[PDB]
Amino acid sequence: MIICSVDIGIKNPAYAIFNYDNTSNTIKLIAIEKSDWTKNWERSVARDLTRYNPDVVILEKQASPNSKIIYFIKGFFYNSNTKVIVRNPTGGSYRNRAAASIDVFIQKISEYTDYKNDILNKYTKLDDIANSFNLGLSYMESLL
Amino acid sequence: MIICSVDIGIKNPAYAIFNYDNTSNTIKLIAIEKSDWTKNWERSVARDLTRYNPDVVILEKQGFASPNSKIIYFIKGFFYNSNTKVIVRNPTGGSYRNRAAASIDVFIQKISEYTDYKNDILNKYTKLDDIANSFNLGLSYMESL
């Protein structure tokens, strides 16, 4: 089973891709990447989602130009075999949320990837990365 | 060529289906029906759009603050990379009731040129707002053709 969580944005989208092994009840992080959806966001989203052929897609619940992406994905995976689930954002002011997410990320990712240093060196801004990672985790917590 | 114009609404959706013959430069109305998208709007929209297998789909432009852009972009994703083109068109002044009145007048007087089935269309559907809207939207698209 392949899981695709997506922090949705135009200038700063991000996606985390997990592999779910129901046999071993374990979870392995495959890849988190920062994307760009400013030039033909439709084709960019289709590409980025179908790249790894996911079994389930997790979208962050958000008048914003991102609900169009939510429903574009919903229509794009409707007649397919991929389930699209929209989840709530994974307290305080809205500005504190990104800091809490980055802390939880930098402290929780080491259990899943073993590739922490290169992820931190490649991507300096950890907002959307942390958001997608925590969104995927919050979905999979309901599974186990 | 089959053209599908869609007046978008949850409790009051409507769709007009035209047949476009580029050879004869003529246009024939096939069917206009009022739909219901209150129970699983996703399945309802997929059903109503794939019903006649259209070559092009015409969608009404809606603001992001309206609960209908979700239907717009659901359709866009639903027909993406397919052989059906999805085009969003502008609404075909004053109050919404004056807009609907002008649309109903243009509809009730212009449909007879295309369907020959005016009397039964008027007898079946009493409220003509969204029906007229979808018909005029399809016409406004084909005028560009």
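Regarding how it was determined, this PDB entry cites X-ray crystallography in its header, along with a resolution of 3.081 Å.

As recorded by the PDB entry, chain B carries the name Holliday junction resolvase and is attributed to Fowlpox virus. This entry's official PDB title is "CRYSTAL STRUCTURE OF THE FOWLPOX VIRUS HOLLIDAY JUNCTION RESOLVASE". Regarding chain B, the relevant UniProt record gives this comment under Sequence similarities (unreviewed entry): "Belongs to the RuvC family. Poxviruses-type subfamily." Per its UniProt entry, chain B bears the Cofactor (unreviewed entry) comment "Mg(2+)".

For chain A, the PDB entry supplies the name Holliday junction resolvase and the organism Fowlpox virus. Quoted verbatim from the Sequence similarities (unreviewed entry) field of UniProt, the annotation for chain A is "Belongs to the RuvC family. Poxviruses-type subfamily." The record in UniProt for chain A states the following under Cofactor (unreviewed entry): "Mg(2+)".

*Asks:* An account of the interface of chain B and chain A is needed here, citing residue identities and associated values.
*Replies:* Taken together, the contact between chain B and chain A spans 13 residues of the former and 15 residues of the latter. Across the interface of chain B and chain A, roughly 1,400 Å² is buried in total on both sides, 67% from carbon and sulfur atoms. Considering only the side of chain B, the residues that lose the most area to chain A are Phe-64, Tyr-73 and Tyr-80 of chain B, jointly responsible for 43% of the buried surface there. Between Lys-74 of chain A and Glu-42 of chain B there is a salt bridge, and its shortest N-O distance comes to 3.5 Å. One can count four residue pairs in polar contact joining chain B with chain A.

*Asks:* Requested: an account of the packing of helix α3 (residues 96-110) of chain B against helix α6 (residues 129-144) of chain B, with residues and values cited.
*Replies:* Residue and element names in this part refer to chain B. It is the contact of α3 with α6, at a shortest axis distance of 8 Å, that shows an interaxial angle of 65 degrees. The angle between α3 and α6 falls in the class roughly perpendicular. Relative to α6, α3 is oriented so that their crossing is left-handed. Taken together, the residues of α6 that come into contact with α3 (itself represented by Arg-97, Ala-100, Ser-103, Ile-104, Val-106, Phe-107 and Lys-110) are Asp-129, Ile-131, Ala-132, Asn-133, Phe-135, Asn-136 and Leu-139. When grouped by side-chain class, the residues that make up the contact of α3 with α6 number eight nonpolar, three polar and three charged.

*Asks:* If you had to explain the side chain of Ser-67 of chain A to someone new, which residues and values would you point to?
*Replies:* The residue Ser-67 of chain A is located in helix α2 (residues 67-76) in this model. With a relative accessible area of 17%, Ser-67 of chain A lands in the buried category.

*Asks:* How would you sum up a nonpolar patch on the surface? Please name residues and give values.
*Replies:* A surface patch of nonpolar side chains, about 270 Å² in accessible area, is lined by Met-1, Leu-143 and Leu-144 of chain A. Its place among the elements puts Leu-144 of chain A in the segment after α5 (127-143).

About the cut-offs
Residues numbered from 1 in each chain as written, not as in the entry; some residues may be left out. Chains lettered and ligands numbered in written order. Heavy atoms only, no water. UniProt positions renumbered as here; feature names shortened; annotations may be inferred. Contact = heavy atoms within 4.5 Å. Buried area = accessible area lost by both parts, 1.4 Å probe. Salt bridge = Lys/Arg side-chain N within 4 Å of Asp/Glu carboxyl O. Polar contact = N/O pair within 3.5 Å; in protein donor to acceptor, adjacent residues only side chain to side chain. Axes fitted to C-alpha atoms, helices over the stretch in contact; angles between N-to-C directions. Helix = DSSP H or I, 4+ residues; strand = E, 2+ residues; numbered from the N terminus. Parallel < 35°, antiparallel > 145°, perpendicular 65-115°, else oblique. Left-handed = near helix turned anticlockwise from the far one by under 90°. Nonpolar A, V, L, I, M, F, W, Y, C, P; charged D, E, K, R; others polar. Buried < 20%, exposed > 50% of the residue type's maximum accessible area, 1.4 Å probe, protein only. Patch = residues over 30% accessible without salt bridge, like charges linked within 9 Å, V, L, I, M, F, W, Y side chains within 5 Å. Areas by Shrake-Rupley, 256 points an atom, 1.4 Å probe, with all protein chains shown as cover.

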